[PDB]
Amino acid sequence: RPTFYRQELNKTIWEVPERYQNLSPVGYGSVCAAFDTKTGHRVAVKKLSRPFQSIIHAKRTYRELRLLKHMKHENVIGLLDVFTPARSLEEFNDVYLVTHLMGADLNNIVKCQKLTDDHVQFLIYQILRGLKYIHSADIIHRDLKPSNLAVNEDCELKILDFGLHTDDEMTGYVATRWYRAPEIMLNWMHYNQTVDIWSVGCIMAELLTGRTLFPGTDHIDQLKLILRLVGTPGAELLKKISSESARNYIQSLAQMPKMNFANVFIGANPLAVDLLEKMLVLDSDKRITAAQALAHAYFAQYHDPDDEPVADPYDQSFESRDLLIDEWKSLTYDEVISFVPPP
Ligand SMILES: CC(=O)N[C@@H](Cc1ccc(O)cc1)C(=O)NN
Ligand SMILES: [Cl-]
Ligand SMILES: [Cl-]
Ligand SMILES: [Cl-]
Ligand SMILES: [Cl-]
Ligand SMILES: [Cl-]
Ligand SMILES: [Cl-]
Ligand SMILES: [Mg+2]
């Protein structure tokens, strides 16, 4: 056990191992930036807020720690350390998570930088390389958007902030909804991993034009923007939508054909236009997958099938398990004490 030291910053007690120095608040939890003297990295230290206050909260704490412990890929956020000052399960209450400190996100890049087609190729290639890994473990991210993509000066990218959202958070003219697949924004059906591929299409379109693809002022305005681009659904997709009311609303709209994407994304690389047509498909069964997209000719200068790895198997059976708060807490404590740091 390391030696801990205790200090109060911005009305919060932080008790952390001596290796973590120069704690500085930077904003589910509270977060400080710090310097890790053991590894030389600048890090983010997150102190969880009330992690075991309810069954839902205790299970969410366990879910987040299990997910972060599993992810070991160059294009995905991983866990550098996890610790508690508790010396026994009986006095266990606080959980701290340590990750690499991220600087710029993709928002900074799109708004403030002049991108070539080569930049778009490399950025989207890395998102898909990370998604092939995530999807191989039957994990769905659910919340891909520019603020959840970290990028550095050499254009290297990492996926973060997995979906572990309230009705109020998705209401109105908000970026929290503009990148979501229609079937999940509208609760049409049980959804699959290609909800994440719809998000990649929206992100790639924005990198090519500098503009949000579907900036709806509410859920239904956004659906109208989507159907104007990709066309209204046929009977084949309509049959897959659960709500009779939802089906009735969609059939109340005048029918529209799919638009010509070369006349929407004017001047873009024709191979980029082709890939967008394969991502932005309304019926999720027919969207391209991450593994299929990496083999598309748009990425010919980066694709290396011997350097696009898959994940170890991931056991999610806990998600269907009903336990008490103290049982979720004990499972979490076991995962804290068994953590083994990376090289
Ligand atoms: C036409 C359509 O798909 N309507 C949706 C609207 C909605 C979105 C989010 C909800 O939580 C609830 C409703 C619909 O009726 N889906 N069942
Ligand atoms: Cl230490
Ligand atoms: Cl990482
Ligand atoms: Cl504690
Ligand atoms: Cl965003
Ligand atoms: Cl019509
Ligand atoms: Cl597992
Ligand atoms: Mg985020």
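Atoms within a ligand are numbered from 1 in the order they appear, just like the ligands themselves. Residue indices begin at 1 and follow the sequence shown. What you see below is based on every heavy atom in this structure, not just the backbone, and it leaves out hydrogens, waters and symmetry mates.
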- Message: With ring-ring contact (aromatic ring centres under 6.0 Å, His included) as the test, pick out the partner of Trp178 among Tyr173, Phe214, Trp198.
- Response: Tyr173
- Task: Only one of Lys59, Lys69, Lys46 passes side chain to side chain donor-acceptor pair (under 3.5 Å) with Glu64; say which it is.
- Result: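 With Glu64 as partner, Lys59, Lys69, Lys46 yield a single side chain to side chain donor-acceptor pair (under 3.5 Å), made by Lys46.
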- the Mg ion (ligand 8) - number of protein N/O/S atoms closer than 2.8 Å: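 N, O or S atoms of the protein closer than 2.8 Å: 2.
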- Item | Ionic contact status for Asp218 with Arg177, cut-off 4.0 Å |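 Salt bridge absent between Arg177 and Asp218.
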- Inspect the contact between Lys132 and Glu74 and indicate whether a charged nitrogen and a carboxylate oxygen are less than 4.0 angstrom apart. no
- Item | Pairwise distance CE(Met256) to NZ(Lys224) - rounded to 0.5 angstrom |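 Reported value, rounded in 0.5 Å steps: 9.5 Å.
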- Query: Hey, does the side chain of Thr61 reach the backbone of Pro51 with a donor-acceptor pair shorter than 3.5 angstrom?
  - Reply: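 Present.
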